[PDB]
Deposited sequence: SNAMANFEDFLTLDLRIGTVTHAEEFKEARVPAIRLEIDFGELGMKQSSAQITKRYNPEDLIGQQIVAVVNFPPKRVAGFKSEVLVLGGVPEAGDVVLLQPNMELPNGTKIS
């Protein structure tokens, strides 16, 4: 099914840096989005990522959806990844460091 570019333009895709990560199947993240401030995300990225690995990792997120609660944790942004098989995620990242809050287009 063909998509509308104006729907893409409604999305706010940003770069942010992971500043905290914790696991108690998801990882709770806090992420620095620059002028947008700090935001939380819950990400089902336990297949490949250990919370230690992630501090200072730059990610790509959609920042302007309504929040959702995952096991009580407020997830405010949707962190984007490729899914080559069910349960598996590889994070997207910029190829070079960018300023936090950089817009994607």
Note to self, deposited ranges with zero CA coordinates are 1-2, 27-31
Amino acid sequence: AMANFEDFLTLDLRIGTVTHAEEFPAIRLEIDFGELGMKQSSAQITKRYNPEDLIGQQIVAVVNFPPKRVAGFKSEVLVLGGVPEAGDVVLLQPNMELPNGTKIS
From here on, numbers count along this sequence of modelled residues.
1-9 or 94-102, whichever carries the higher mean Cα B-factor:
1-9
69-77 versus 55-63 - greater average Cα B-factor per the deposited record
69-77
Chain thirds of CA B-factor: placement of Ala43:
middle
Sorting the chain's modelled residues by C-alpha B-factor and splitting them into thirds places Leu36 in the middle
